[PDB]
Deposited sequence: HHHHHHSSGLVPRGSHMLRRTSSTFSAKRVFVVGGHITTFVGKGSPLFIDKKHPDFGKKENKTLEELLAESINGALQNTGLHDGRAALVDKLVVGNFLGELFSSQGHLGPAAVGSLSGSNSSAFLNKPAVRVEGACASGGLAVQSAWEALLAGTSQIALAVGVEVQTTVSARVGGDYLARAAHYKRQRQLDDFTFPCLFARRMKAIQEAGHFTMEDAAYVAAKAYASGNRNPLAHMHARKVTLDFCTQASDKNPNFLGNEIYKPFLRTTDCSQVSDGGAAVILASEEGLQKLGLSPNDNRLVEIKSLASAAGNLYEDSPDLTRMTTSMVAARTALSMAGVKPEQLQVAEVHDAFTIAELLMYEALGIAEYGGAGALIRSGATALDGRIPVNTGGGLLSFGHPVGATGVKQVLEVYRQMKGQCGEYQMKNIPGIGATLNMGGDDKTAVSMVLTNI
């Protein structure tokens, strides 16, 4: 019973705001291409790039949307397809999973499940998404496929960020953290995105006083004219294309690789949980995310990892406001105080536990289904030294992940131990 990480390549993330945008200056990167980049490079890192593909036992696709973003689904066998002497690989099991945002961690969970079962010996997981297609207010209409469209659409054409735009005021009506605490997040996040080469919002960074209110270039944009002012553009994560694939193996599979559970290139995983809460009912604790807590305190407790021993984390914060409800679930911190221990440097690349060091969903990119997988690779690149530039001298042998689903209606967390 041992789950391993052996590699995985992450693509460049694009969108408006990233000068890597095309507008009838060419034909932008397609979902078929976005997965082409993601997996060919995921293979390449691993000791195989040719007919040595024929050993990948299980394929899992963590796509969330494409039935309208590319008007096309069934991405399982699409992973079988995009290799093209480089097309031989076919007729291997392949599924597609969905969990709104945690579509990536769920995919890894499928291979995770596939691993211990004996279904497969060496598997791959692949996250990807394409939100750069058309209208921005229309895109949120297709993101309400995470919450009750029947009960939560009669709010606005921007109904998705409203769950937090209301939690933005629900928290201001509390003494846990302030609107000003939601400011020190973006600048820090946008800064970390300035360190990452392939970051979506790589070429931007402003003063804290601007990631606060008193702004106009980065304000809200909503329609809920009472919850409208209760968000900023600094809160909305990045509408971003981009893939993020990963290869996984077994101890039994290791023998064929010519490896051993020791190699200075792999990272092991011994704790992995998951959870899902009702979406027909929203949190009575608008000042809490409960589904992530289960996925945390249950996961690592299998490995009994003391959260204060954590060295580097990655979270699926859809929003800065959601980012501040992370460390309450991820037991590395506690409750009753959020926007203080963040300025203890326990979030920064030069401190206790640097979180979202590549920029996170604010500047790294948020390809809904590729955001899930990438974190597992974000704590891999630093635990082995591949992040580059934004590589931390603070070296770990312990990591963690945190995936989000809707309004904390699905959660996936992990423990990455450098065995």
### Query
Where does the model have holes with respect to the deposited sequence?
1-27, 52-57, 118-119
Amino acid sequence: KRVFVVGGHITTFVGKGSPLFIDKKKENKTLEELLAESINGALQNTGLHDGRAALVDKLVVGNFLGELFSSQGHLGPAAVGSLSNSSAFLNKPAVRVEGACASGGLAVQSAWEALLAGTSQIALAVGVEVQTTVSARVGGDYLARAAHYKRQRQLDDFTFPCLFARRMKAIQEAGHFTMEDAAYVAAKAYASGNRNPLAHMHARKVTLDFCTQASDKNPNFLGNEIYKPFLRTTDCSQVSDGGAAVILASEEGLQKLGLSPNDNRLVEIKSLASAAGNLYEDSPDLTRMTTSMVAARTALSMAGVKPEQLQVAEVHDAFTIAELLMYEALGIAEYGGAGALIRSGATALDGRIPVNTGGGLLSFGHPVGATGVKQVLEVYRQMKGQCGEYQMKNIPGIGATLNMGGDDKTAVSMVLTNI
From here on, numbers count along this sequence of modelled residues.
### Summary
Mean B factor on CA atoms, stretches 193-201 and 122-130, record says higher is 193-201
### Task
Please work out which of 332-340 and 86-94 has the higher mean CA B-factor as recorded in the PDB entry.
332-340
### Message
I'd like to know which of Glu225, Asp241, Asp282, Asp209 has the highest C-alpha temperature factor in the PDB entry.
### Response
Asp209
## Note on the structure
Of the residues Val61, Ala53, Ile353, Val376, the one whose Cα carries the largest B-factor in the deposited record is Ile353
### Summary
Binned into thirds over the chain's modelled residues, the C-alpha B-factor of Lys26 lands in the highest
### Task
Using the B-factor values recorded in the entry, state whether the Cα atom of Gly406 falls in the lowest, middle or highest third among the modelled residues of its chain.
lowest
#### Entry: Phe319 - Cα temperature factor, lowest/middle/highest third of chain
middle
### Message
Per the entry's values, where does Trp112 land by CA temperature factor relative to the rest of its chain, in the lowest, middle or highest third?
### Response
lowest
### Summary
By the entry's values, the third containing the CA B factor of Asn394 is the highest
